[PDB]
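There are 4 protein chains.
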Amino acid sequence: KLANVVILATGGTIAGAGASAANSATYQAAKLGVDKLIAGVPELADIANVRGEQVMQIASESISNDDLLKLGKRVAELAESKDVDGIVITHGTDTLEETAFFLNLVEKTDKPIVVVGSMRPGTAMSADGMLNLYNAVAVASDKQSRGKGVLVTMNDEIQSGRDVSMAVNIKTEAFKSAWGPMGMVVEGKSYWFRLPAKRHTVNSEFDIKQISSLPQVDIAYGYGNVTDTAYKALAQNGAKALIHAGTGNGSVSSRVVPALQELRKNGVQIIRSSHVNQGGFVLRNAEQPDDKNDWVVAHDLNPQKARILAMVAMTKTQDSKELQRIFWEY
Amino acid sequence: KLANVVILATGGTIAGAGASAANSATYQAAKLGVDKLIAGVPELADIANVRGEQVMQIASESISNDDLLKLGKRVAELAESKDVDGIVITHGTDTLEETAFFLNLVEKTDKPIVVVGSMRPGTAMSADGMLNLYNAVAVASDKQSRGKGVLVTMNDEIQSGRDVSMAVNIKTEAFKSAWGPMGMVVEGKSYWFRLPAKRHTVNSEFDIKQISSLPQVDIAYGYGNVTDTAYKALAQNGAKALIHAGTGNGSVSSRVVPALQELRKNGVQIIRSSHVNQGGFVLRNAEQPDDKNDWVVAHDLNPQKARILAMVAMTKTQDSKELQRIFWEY
Amino acid sequence: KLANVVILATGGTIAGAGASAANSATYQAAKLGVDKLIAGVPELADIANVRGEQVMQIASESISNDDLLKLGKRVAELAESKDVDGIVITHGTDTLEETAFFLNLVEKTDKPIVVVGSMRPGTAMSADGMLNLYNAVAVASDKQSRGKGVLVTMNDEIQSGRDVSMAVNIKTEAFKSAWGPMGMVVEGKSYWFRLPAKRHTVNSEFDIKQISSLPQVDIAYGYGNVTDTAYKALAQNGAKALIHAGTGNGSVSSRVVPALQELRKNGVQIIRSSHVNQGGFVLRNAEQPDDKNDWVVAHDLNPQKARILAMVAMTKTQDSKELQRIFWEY
Amino acid sequence: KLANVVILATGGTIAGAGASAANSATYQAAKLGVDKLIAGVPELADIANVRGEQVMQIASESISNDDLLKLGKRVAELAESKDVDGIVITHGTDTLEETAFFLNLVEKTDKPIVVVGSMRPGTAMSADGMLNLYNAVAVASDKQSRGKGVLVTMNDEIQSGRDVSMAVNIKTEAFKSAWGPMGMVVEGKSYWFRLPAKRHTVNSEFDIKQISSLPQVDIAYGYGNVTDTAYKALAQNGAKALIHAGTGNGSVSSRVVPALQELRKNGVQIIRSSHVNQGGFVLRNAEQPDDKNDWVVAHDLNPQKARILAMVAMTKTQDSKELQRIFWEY
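Line order of the protein sequences matches chains B, A, D and C. Counting from 8, one number per residue, gives the positions in the first sequence under the authors' numbering. Counting from 8, one number per residue, gives the positions in the second sequence under the authors' numbering. Counting from 8, one number per residue, gives the positions in the third sequence under the authors' numbering. Counting from 8, one number per residue, gives the positions in the fourth sequence under the authors' numbering.
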């Protein structure tokens, strides 16, 4: 008897349209509704009982925290239903990785949750979205997906929503993780090679059902000749934490350190991430005296991932030692 | 008989020291003067006649534009000397890629220029800097390096200074290019597999001998729920161009577009880069109407690289169409 | 005003058919004729004046040396024609890399030659072949492609036919080079980032017009507990050279060295390649005393690539020192 | 208190010596004894109570099945001892990946087992073996390593012994897995990001204590114009299974299929692997009718890995369906 899968559409390239078959890169996002996406893959009926809902219709670079909450709360309601076995979210690529991590942290369910997009719109020749959507539904319908946390199923892969990132522009292999794909999906079947290590979903201390509004968190970049201007301005305009997207191992210019000390003293969390994203991690107390300054390192998480975790964590704690524990467990 | 190579020291991990041989990651940069670097590799005398100068002694995350100018001008003076065959710059990893690209754009010489760092300090077990420095001198001494633009010689590789980036934290393989290594250096010998295809050094329209100041350029990051705050603050504190480190294909949130239009009319150049850095490029007129808005795309160049090119280019032109040509040629 | 491009069909997945739209991986190669294959991309007319020929209709794992000669000779006849500006070869993926390198060595033309395949059959949802074929015709029609050697245009990339290899199974990113893509092709436009640095096409010493037969070359694998059996059996059945696909840096088991010395004295060339294919190269005189034994190292070339170069080279020379020069130049 | 770690030396580059400090690539393996290896890393005493044994002293390209059994049986004896908490094996790189997988299949212990080598000999500038050996002992002493299967600790990584392979020649990053590193080891500490998902060690159905001699298994390569010669000859000289290192998705030339059908009919197992090693897997019934022919696919495992698993599996079964199960579980 086939699994019951709900597709939650949010917009994106997978729902996009361009002017000609050769327009694989120049198009408008968020033009097709969920029922047209489903009807475009008649084979979905072979692998699941699918129904669709239009949660929003956006280009994902324009997503808001309120959009994350609305989507996350709808996912939770559906997960609580005995009529729902798995959930697929169709999404723009730009912030797919942010949504996927958010859901991984706040959805206290073992039911499969898959986020999926495309790099080419469906109007293009050789568009990737049809098979990606088929694969998302296959994975969301597979017993092997239960308890694995949020998954992303592009490029014939099963990627962890935690640490997959949009890493390559244009090409269909865009989404990569420093820690590899966990599996592959081919001709409807899932093949697993690794399991998650980090806390997720049912083993998370966080729950979307308790979050009413997310704390404001912003990101500032590190580079030669950088000043403290962006950090100070972002804090002045409401940032409760700043993600520092440092050079190297989360390093901080000597012209920036004093401002970050003052901001921490005034209650703003300081989280050291980096723009060195293909591998490794930011080590506590290496580039900066995090203990002395009461700062946090983002471990392996890229800046936009670190922002997501910081927002969720700060719904529970203002203790920088607890925030560091969270950045070491999730 | 042997090539005359000058080593210009700037600091970094390659000049660093940690507390014990197990401290491969926690250390102080910029502790050893150039003479100590040279003494630490007595094998250099086998492959070149080496002389050293201390240009600065910094942690490279703290470099300034005045530092770049001083270094660039000293490189040019040495390259004009008949007593100099090649130049090696020892440098911290954090902003190595920024310096390397800067020199690639402004040094009108065919003489080899190599920038080199290390991921472990020389005090650590299995420190990488000794062989990296040996290799830098070998490559700077090799006739095959003439006319190839600025090179980076870590991890047994010959990388283009244009597009090599610090991509992996901690590990000695940190420096990668989307377009591959151009060669390798093994037991003093250089093996080439690709040539550059972008303008550099002697074929550049830019010349450090004509540059006495650099326009201020800053970088702002894109992510979910981003606002226009950092962009406006950076411009209010002097930025003549803003590098937009967007999601995806340089995409701009609908909450940010209006500010960027206002900034461009106020004369701030708007350059669309991305935090999608493993491959691909940002395509003009795809995500945003760059022709209508008089914006520029950074092509394949990551945000910190785009800042370097923009700042050099704006010593010559503020014509957005010329800036786009430059971003498509360099 | 449009380039005149000839498409030479040879079979493969690009011309394949599976049972349903979900059969992206289980299919029959070499079912669709060239005319219907071209008619599947009517947009080709926008970028070139195309015509097709059916050279052969094979699954590429079953290609022969006679097939290579026939294809190579037809390519040369067309390149000599003032009615032809560029040539595209549609091909199965399995041995695409072998054909591409062969043509790179023996076609003394600056006219663009592109080899292209697909990872999914044209019957599958999200089939890659339509845009791959469009891109191959775009690249074959572009003035930027003149003089660049043989190219492969899958996954939105421009890869060198020399050193691109089938590296990833199933996925559309299958074809990779250790030395990176040279460029990309997006919405009909070619974007170059590197140039070749190895001898090819017009600068090759080899010429298909002078080659009527190819010497027999075979490949044997190295692994734990390997014996000399395959090496001896392949030479007994006609091999004029043996490609050793060694472990590590082309290493040879002590159980195998004596047989390879006796084979070399019997006139069989011994070429040390490896099954370590993501990067690096096999260094002469490191693992084995190549000068003493009169053996050759394959440099960076994988076993099947080394076979192609050896077979072409041995149409001209059997001097092991000349073969080593060839393996260092091509 | 400190963990009790035993180092089992087998030879290799890590125990190698070259003529000068610049000889990072040209050297002699297997020159230093285990006590001198240990003495070269005096920091080991800080992290564990270490003792060494010299099991063998070989270049690993020359390893035999009897060497694997001797090593595997000594590992088992040590793992049974209450005086032993973890085991490190120092090994040549060439067949490190074969030993690591073998031990992962046949050692029924949760105690950590780490295999480690180096890409540069200890006589070279910037030699990698000291920190690799320190890291191997750190990981072998860590409670986090218990129950994880055999690990490989080069390049600051924790790699699974199952699917790590020597993938890059020369460089210290040689060992890579298609499924990513599982973790990293930095300044004595282990950081995990993924867990194994294939059967290993205590959950394996195989046990070194019952294996007296391994079945003979050999490997033959696929390429253009390949014949059935190597397959027939290897079987004639004792192969009980043949690993087919096919092109593409384990594809078999039409000139080879008939021979493999005859060999299977005569009792020789036929296992389809590939020389497409960076990612993906070989899919049953896709390229060849494995059910009709009673063949096996090697899943994601490269040829030399598939040989190891086939030998171990055939100590238990000659049933091709059970061999396929094993290739899908291990």
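For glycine and all other residues, C-beta sits at the position ideal for the given N, C-alpha and C.
In this structure, does DSSP put residue i in helix, strand or coil?
i: B:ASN11; result: strand
i: D:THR17; result: strand
i: D:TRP199; result: strand
i: residue 4 of chain B; result: The shown model of chain B, from 8 to 337, leaves out residue 4 of chain B, and the question about it has no answer.
i: A:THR102; result: coil
i: B:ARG279; result: strand
i: B:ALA240; result: helix
i: D:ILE165; result: strand
i: A:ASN56; result: strand
i: A:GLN217; result: helix
i: A:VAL192; result: strand
i: C:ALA22; result: helix
i: B:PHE182; result: strand
i: B:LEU158; result: strand
i: C:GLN61; result: strand
Does the Cβ of residue i have 16 or more other Cβ atoms within 10 Å, making it buried, or fewer, making it exposed?
i: D:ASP101; result: buried
i: C:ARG153; result: exposed
i: C:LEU9; result: exposed
i: B:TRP335; result: exposed
i: B:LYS155; result: buried
i: residue 5 of chain C; result: Only positions 8 to 337 of chain C appear in this structure, which leaves residue 5 of chain C out of reach.
i: A:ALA46; result: exposed
Need the endpoints of the alpha helix (DSSP H) that residue i sits in, please.
i: D:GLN268; result: 264–272
i: C:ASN142; result: 136–148
i: C:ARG314; result: 310–321
i: D:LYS43; result: 41–46
i: A:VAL82; result: 72–86
i: D:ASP225; result: Unbroken run through D:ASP225 is the beta strand (DSSP E), 224–228; no alpha helix (DSSP H).
i: A:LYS299; result: 297–300
Shortest alpha-carbon distance to residue i belongs to which of the options?
i: B:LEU202; options: C:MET189, C:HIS251, C:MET137, C:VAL159; result: C:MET189
i: D:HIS98; options: D:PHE288, D:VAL62, D:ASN273, D:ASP214; result: D:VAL62
i: B:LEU290; options: A:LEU316, A:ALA46, A:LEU267, A:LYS178; result: A:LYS178
i: D:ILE94; options: D:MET173, D:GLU104, D:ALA83; result: D:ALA83
i: A:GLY286; options: B:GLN166, B:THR20, B:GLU164, B:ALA174; result: B:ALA174
i: C:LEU103; options: C:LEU158, C:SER88, C:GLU50; result: C:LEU158
i: B:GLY18; options: B:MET126, B:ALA246, B:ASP117; result: B:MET126
i: C:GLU87; options: C:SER172, C:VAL303, C:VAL41, C:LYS115; result: C:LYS115
i: D:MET161; options: D:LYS183, D:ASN176, D:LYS196; result: D:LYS183
i: D:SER172; options: C:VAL41, C:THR208, C:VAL319, C:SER281; result: C:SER281
What is the residue span of the beta strand (DSSP E) that residue i lies within?
i: B:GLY257; result: Segment: none, B:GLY257 is in no beta strand (DSSP E) and carries neither H nor E.
i: D:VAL95; result: 93–97
i: C:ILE120; result: 120–123
i: B:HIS251; result: 248–253
i: D:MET173; result: 171–173
query: Are the stretch 211–231 of chain D and the stretch 36–53 of chain C touching by the rule of at least three beta carbon pairs closer than 8 Å?
result: Taking a cut-off of 8 Å on C-beta distances, the stretch 211–231 of chain D does not touch the stretch 36–53 of chain C, as fewer than three cross pairs fall below it.
*asked:* Taking contact to mean 3 or more Cβ pairs, one atom from each stretch, closer than 8 Å, check whether the stretch 129–148 of chain A and the stretch 54–68 of chain A are in contact.
replied: The answer is yes - the stretch 54–68 of chain A touches the stretch 129–148 of chain A, with three or more Cβ pairs under 8 Å.
Next on the checklist: Does the stretch 271–283 of chain D come into contact with the stretch 318–335 of chain D, if we say contact requires no fewer than three beta-carbon pairs (one atom in each stretch) closer than 8 Å?
Outcome noted: Enough Cβ pairs lie closer than 8 Å, so yes.
| query | Does the count of Cβ pairs from the stretch 247–262 of chain C and the stretch 130–144 of chain D closer than 8 Å reach three? | reply | Short answer: they don't touch.
**Request:** Would you check if there are 3 or more beta carbon pairs closer than 8 Å linking the stretch 27–34 of chain C to the stretch 106–124 of chain C?
**Result:** Counting C-beta pairs closer than 8 Å gives fewer than three between the stretch 27–34 of chain C and the stretch 106–124 of chain C, which falls short of the contact rule.
Could you say if the stretch 208–222 of chain C and the stretch 68–81 of chain C meet the contact criterion of at least three C-beta pairs nearer than 8 Å? Counting Cβ pairs under 8 Å, three or more are found: they touch.
Original post:
Can we say the stretch 307–316 of chain A touches the stretch 241–260 of chain A, given the rule of at least three CB pairs closer than 8 Å?
Top reply: Segment contact: the stretch 307–316 of chain A against the stretch 241–260 of chain A, three or more CB-CB distances shorter than 8 Å; contact assigned.
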